[PDB]
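Those protein sequence lines, which keep their order, are chains S and V. For the first sequence, the positions run 4 to 171, 183 to 352 when UniProt numbering is used. For the second sequence, the positions run 4 to 171, 183 to 352 when UniProt numbering is used.
Number of protein chains: 2
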Amino acid sequence: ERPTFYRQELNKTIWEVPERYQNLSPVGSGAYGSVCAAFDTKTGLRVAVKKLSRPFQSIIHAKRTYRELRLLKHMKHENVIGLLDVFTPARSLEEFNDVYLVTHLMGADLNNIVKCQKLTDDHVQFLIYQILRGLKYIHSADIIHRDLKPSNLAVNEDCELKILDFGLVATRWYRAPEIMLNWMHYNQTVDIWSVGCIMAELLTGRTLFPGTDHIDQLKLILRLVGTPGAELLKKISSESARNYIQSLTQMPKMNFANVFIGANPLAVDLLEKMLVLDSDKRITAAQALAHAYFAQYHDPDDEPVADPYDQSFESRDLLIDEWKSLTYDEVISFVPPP
Amino acid sequence: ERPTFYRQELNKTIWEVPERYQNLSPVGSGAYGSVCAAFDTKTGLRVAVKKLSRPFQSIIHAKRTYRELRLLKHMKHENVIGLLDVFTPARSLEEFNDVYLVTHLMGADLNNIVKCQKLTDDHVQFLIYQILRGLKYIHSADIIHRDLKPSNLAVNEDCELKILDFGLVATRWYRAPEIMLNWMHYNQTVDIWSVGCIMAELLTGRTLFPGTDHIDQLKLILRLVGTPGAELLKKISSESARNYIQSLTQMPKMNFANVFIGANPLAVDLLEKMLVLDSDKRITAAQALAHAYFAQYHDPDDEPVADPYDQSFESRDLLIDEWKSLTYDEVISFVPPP
Ligand SMILES: CC(C)Nc1nc2ccc(-c3ocnc3-c3ccccc3F)cc2s1
Ligand SMILES: CC(C)Nc1nc2ccc(-c3ocnc3-c3ccccc3F)cc2s1
Ligand SMILES: CC(C)Nc1nc2ccc(-c3ocnc3-c3ccccc3F)cc2s1
Ligand SMILES: CC(C)Nc1nc2ccc(-c3ocnc3-c3ccccc3F)cc2s1
Numbered sequence: 004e005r006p007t008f009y010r011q012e013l014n015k016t017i018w019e020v021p022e023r024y025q026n027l028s029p030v031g032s033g034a035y036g037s038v039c040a041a042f043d044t045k046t047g048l049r050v051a052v053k054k055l056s057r058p059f060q061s062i063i064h065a066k067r068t069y070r071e072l073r074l075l076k077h078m079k080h081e082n083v084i085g086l087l088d089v090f091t092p093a094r095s096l097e098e099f100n101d102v103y104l105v106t107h108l109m110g111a112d113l114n115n116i117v118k119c120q121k122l123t124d125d126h127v128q129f130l131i132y133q134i135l136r137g138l139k140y141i142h143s144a145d146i147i148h149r150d151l152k153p154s155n156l157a158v159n160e161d162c163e164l165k166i167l168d169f170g171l183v184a185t186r187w188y189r190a191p192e193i194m195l196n197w198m199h200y201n202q203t204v205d206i207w208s209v210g211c212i213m214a215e216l217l218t219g220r221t222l223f224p225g226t227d228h229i230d231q232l233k234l235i236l237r238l239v240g241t242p243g244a245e246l247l248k249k250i251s252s253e254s255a256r257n258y259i260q261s262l263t264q265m266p267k268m269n270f271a272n273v274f275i276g277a278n279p280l281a282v283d284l285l286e287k288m289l290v291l292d293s294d295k296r297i298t299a300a301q302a303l304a305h306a307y308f309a310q311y312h313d314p315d316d317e318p319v320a321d322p323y324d325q326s327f328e329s330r331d332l333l334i335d336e337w338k339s340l341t342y343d344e345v346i347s348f349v350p351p352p
Numbered sequence: 004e005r006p007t008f009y010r011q012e013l014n015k016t017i018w019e020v021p022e023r024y025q026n027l028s029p030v031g032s033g034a035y036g037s038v039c040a041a042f043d044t045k046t047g048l049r050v051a052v053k054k055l056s057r058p059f060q061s062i063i064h065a066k067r068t069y070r071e072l073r074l075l076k077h078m079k080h081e082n083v084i085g086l087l088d089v090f091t092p093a094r095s096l097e098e099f100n101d102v103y104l105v106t107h108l109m110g111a112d113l114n115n116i117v118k119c120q121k122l123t124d125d126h127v128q129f130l131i132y133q134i135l136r137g138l139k140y141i142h143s144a145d146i147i148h149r150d151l152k153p154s155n156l157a158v159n160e161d162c163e164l165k166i167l168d169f170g171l183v184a185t186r187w188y189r190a191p192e193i194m195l196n197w198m199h200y201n202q203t204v205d206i207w208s209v210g211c212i213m214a215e216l217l218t219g220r221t222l223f224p225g226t227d228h229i230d231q232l233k234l235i236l237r238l239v240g241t242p243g244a245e246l247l248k249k250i251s252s253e254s255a256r257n258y259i260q261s262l263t264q265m266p267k268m269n270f271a272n273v274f275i276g277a278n279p280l281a282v283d284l285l286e287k288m289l290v291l292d293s294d295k296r297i298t299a300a301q302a303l304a305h306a307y308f309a310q311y312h313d314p315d316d317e318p319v320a321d322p323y324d325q326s327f328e329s330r331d332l333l334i335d336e337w338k339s340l341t342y343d344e345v346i347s348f349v350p351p352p
């Protein structure tokens with residue numbers, strides 16, 4: 004059974020992939036870690052093979068490594084990067100010190116797409132539809148990305164998109191304003207706020223809240239959605255935060271209808287239900303799916319939920335080798351899809 | 004706003020509850036921690052007030068304390084212990100070093116009920132129905148009890164039951191056999207196996223797998239559900255475990271129809287779908303709810319799911335004071351129900 008591997012250097016690192024993977028070439032200039040684009044002779048599919056960097060060189064890293072193989076092994080949905088393969092040169096636990104991940108190679112990120120570029124309400128309508136489809140899936144394994152953006156949203160020349168990076183020197187702009195209150199626990203709709211900032215950018219082809227820093231961002235945001243009311247300020251646990259906002263000049267809620275003009279009134283009403291200050295009042299992924307705007311794409315019977323996901327592991331405090339073994343067990347427990 | 008507290012000793016410990024709580028008397032002989040039965044003059048309801056023991060005396064404890072207040076504050080369902088109150092004598096963060104929890108007082112545990120005692124198929128049918136109703140709720144916030152039993156199942160003279168202790183010197187018998195493989199991640203149906211062992215006991219009024227030790231238990235179990243087949247043994251990651259079972263004398267799957275005779279054939283078919291070796295083949299809570307046996311109780315429109323539950327916190331590694339503050343923030347963030 005054990006494939007025939009072949010060694011080779013790739014970015015100051017010896018890759019020992021199996022012969023089945025050919026034409027390995029680096030990608031994303033460095034963004035998505037140590038990833039390599041290859042050809043899968045076994046499927047004739049263009050694949051992305053990412054090598055886990057110094058996986059077991061610290062507890063923080065072993066647990067982190069386990070954590071990725073755990074998430075990826077669970078992500079089985081049309082719009083989310085899933086594992087096609089997981090391998091290791093090693094033949095024993097002793098030998099084990101590397102983990103290679105395999106998934107479909109993609110066209111480019113929404114960045115390369117939009118950015119000063121404008122698309123069709125059909126393209127936006129689809130793109131956003133898919134983002135929400137994956138969010139709804141993930142969000143059910145009780146998984147929050149917390150930092151969705153265009154950089155981690157990828158599409159293949161066909162407008163099909165997979166949520167690439169996640170989840171449970184670039185800048186902010188798509189994060190939920192409340193992430194700035196360093197809270198400890200958040201509403202999943204933190205990810206909905208991100209969608210709204212991508213949706214709007216797709217439409218306008220312009221960055222919604224291109225904030226320069228923590229303050230610029232809060233200002234930019236409040237500028238459109240209006241300063242927190244009273245009952246809402248109660249929600250803010252920090253007195254510094256409460257006072258900070260109150261210390262600022264009250265701003266009225268602008269009408270998205272006036273900001274996003276020339277754009278679809280259906281998108282607008284949607285955006286209006288997403289870009290809201292009270293994350294507890296934002297629309298869930300699932301909800302936004304039944305929204306009009308995606309009526310020509312919707313389909314209750316084909317918008318699946320994740321299987322449950324046991325992350326009890328995060329609560330455990332093991333030793334480098336202990337985590338390392340768990341990972342090995344996970345690697346040798348992987349069952350490629352059909 | 005700050006209530007008027009009143010100090011008093013209770014088990015080598017000074018309880019400083021508010022005047023509104025009267026007639027505090029210890030309960031559960033020691034089981035459920037430092038719990039006290041009281042009278043709530045404000046609601047005229049008999050309440051159970053539990054005092055968190057040395058909450059912040061170690062990181063392991065602060066995080067543990069946060070974790071309980073986090074779970075309890077989320078548990079808002081008919082069949083699960085929920086917070087009625089959360090208080091603290093302290094008036095400042097500095098002062099803060101105690102946490103008091105308040106919930107309904109209950110009749111007794113399923114233990115006091117059954118145990119050598121037999122009830123009506125209507126009582127069992129109801130009792131089990133409720134256990135599954137709470138399980139289905141919890142299981143959706145992605146919460147696994149992992150150790151359900153009669154000790155943590157409580158009912159009030161009315162046959163209404165709340166899942167008391169949980170979740171994400184007594185013995186085993188209700189735990190899932192696979193918990194013995196110390197796995198790291200489990201199917202929620204580990205809790206379904208427990209239900210099956212309570213259901214059956216309700217019926218038979220006798221302990222199903224009264225195993226004396228780890229081996230007795232596995233033997234007792236296999237004795238009824240039959241030794242793992244081949245394809246299933248693959249699932250076992252440990253070679254020791256695989257060999258152990260194979261090393262034993264193959265046992266055929268008994269017919270529950272012959273074990274649970276005189277009992278309802280509907281219960282039996284149910285038990286047959288729960289007490290299964292392959293946790294991946296067991297019936298979900300939700301599934302067992304639409305089962306016949308609970309037809310005179312079922313009701314899709316009244317078998318709710320939990321709101322999402324962000325346990326990202328378990329992944330964080332903070333300092334005693336840091337966790338302590340988070341808890342304070344949680345305490346002062348509690349909003350009693352209606
Ligand atoms: C946009 C062009 C460069 N096409 C890309 N297609 C992909 C596809 C995935 C990845 C990736 O990003 C973060 N983790 C992974 C990954 C996860 C599991 C296995 C292998 C992986 F590479 C990056 C990219 S760049
Ligand atoms: C609950 C709702 C209304 N949501 C948010 N309420 C706030 C309130 C403040 C901030 C913030 O943004 C940038 N700096 C601050 C800040 C300023 C001073 C002290 C501490 C800070 F964090 C973000 C947010 S989001
Ligand atoms: C069976 C007789 C003795 N009736 C009981 N009724 C209850 C009700 C709850 C508890 C409890 O058990 C574990 N945690 C709690 C608890 C959780 C939050 C607040 C207060 C608490 F006491 C024990 C019992 S014993
Ligand atoms: C995956 C399925 C069929 N589920 C279970 N497969 C097993 C297999 C074994 C055991 C076990 O039970 C008590 N001792 C052992 C044991 C004996 C020797 C070494 C290690 C041990 F853990 C429990 C379980 S549950």
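Every residue, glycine too, gets a C-beta built ideally from N, C-alpha and C.
Suppose the cutoff is 7 Å on Cβ atoms and the five residues either side in sequence are ignored; what does the same chain contact list for residue i look like?
i         : result
V:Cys-162 : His-126, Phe-129 and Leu-130
S:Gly-210 : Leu-285, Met-288 and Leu-289
S:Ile-235 : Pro-191 and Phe-223
V:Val-239 : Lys-267, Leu-289, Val-290 and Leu-291
S:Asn-26  : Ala-41 and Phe-42
Quick one: what's got a C-beta closer than 6 Å to residue i's C-beta in the same chain, skipping five residues either side?
i                      : result
residue 178 of chain V : No atoms of residue 178 of chain V appear, because in chain V residue 171 is followed directly by 183.
Taking the straight line between their C-alpha atoms, what separation do you get for residue i and residue j?
i         : j         : result
S:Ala-34  : V:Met-194 : 42 Å
S:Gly-47  : S:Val-30  : 19 Å
S:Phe-348 : S:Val-89  : 7 Å
V:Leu-332 : V:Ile-146 : 23 Å
V:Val-282 : S:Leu-87  : 41 Å
S:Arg-296 : S:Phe-270 : 15 Å
S:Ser-251 : S:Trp-207 : 20 Å
S:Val-117 : S:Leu-108 : 20 Å
V:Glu-215 : V:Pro-242 : 24 Å
S:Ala-93  : S:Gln-11  : 16 Å
S:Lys-248 : V:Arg-136 : 34 Å
S:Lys-165 : S:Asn-114 : 14 Å
S:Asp-315 : S:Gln-325 : 28 Å
S:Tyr-24  : S:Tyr-103 : 12 Å
S:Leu-156 : S:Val-38  : 16 Å
S:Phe-99  : V:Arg-73  : 38 Å
Less than 7 Å between the CB of residue i and some heavy atom of ligand 4, yes or no?
i         : result
V:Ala-244 : no
V:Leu-289 : no
Ends of the alpha helix (DSSP H) at residue i?
i         : result
V:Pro-279 : 279-288
S:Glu-253 : 253-261
V:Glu-336 : 334-345
S:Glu-192 : Per DSSP, S:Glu-192 belongs to no alpha helix (DSSP H) and is neither H nor E.
Mind checking whether the beta-carbon of residue i lies closer than 7 Å to any heavy atom of ligand 3?
i         : result
V:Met-109 : yes
When you measure from the CB of residue i to every non-hydrogen atom of ligand 1, does any distance come out below 7 Å?
i        : result
S:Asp-43 : no
S:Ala-51 : yes
Over the uninterrupted beta strand (DSSP E) stretch that includes residue i, give me the two end residues.
i         : result
S:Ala-244 : It is not in any beta strand (DSSP E) - S:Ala-244 instead sits in the alpha helix (DSSP H) that spans 244-249.
V:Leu-104 : 103-107
V:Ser-208 : Segment 204-218 is the alpha helix (DSSP H) holding V:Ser-208; no beta strand (DSSP E) there.
S:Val-30  : Careful: S:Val-30 lies outside any beta strand (DSSP E) and carries neither H nor E.
Should residue i be listed as close to ligand 2, given that the test is whether its C-beta is under 7 Å from any heavy atom?
i         : result
V:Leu-332 : no
V:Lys-54  : no
V:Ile-346 : no
What residues in its chain sit with their C-beta under 8 Å from that of residue i, if we drop five residues either side in the sequence?
i        : result
V:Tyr-9  : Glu-19, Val-20, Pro-21 and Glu-22
V:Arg-49 : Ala-40, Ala-41, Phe-42, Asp-43, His-107 and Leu-108
Exercise. Could you please tell me which residues of the region 322-336 of chain S, in chain order, have their CB closer than 8 Å to any CB of chain V?
Key: In summary, the residues of the region 322-336 of chain S whose CB is separated from some CB of chain V by less than 8 Å are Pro-322, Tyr-323, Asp-324, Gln-325, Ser-326, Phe-327, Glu-328, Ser-329 and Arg-330, in the order they occur in the chain.
Practice problem: Select from the region 303-323 of chain S all residues with a C-beta closer than 8 Å to any C-beta belonging to chain V, and list them in chain order. | Solution: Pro-322 and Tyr-323
Quiz item: Relative to chain V, which residues along the region 101-134 of chain S have a C-beta separation below 9 Å, given in chain order?
Solution: none
Quiz item: Quick one, which residues of the region 189-204 of chain V are near chain S if we go by CB-CB under 7 Å, in chain order?
Solution: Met-198, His-199, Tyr-200 and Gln-202
Quiz item: Given a limit of 7 Å on CB to CB distance, which residues of the region 39-63 of chain S reach chain V?
Solution: none
Exercise. Please list the residues of the region 252-275 of chain S that have a C-beta atom closer than 8 Å to any C-beta atom in chain V, keeping them in chain order.
Key: Cβ contacts with chain V: none found.
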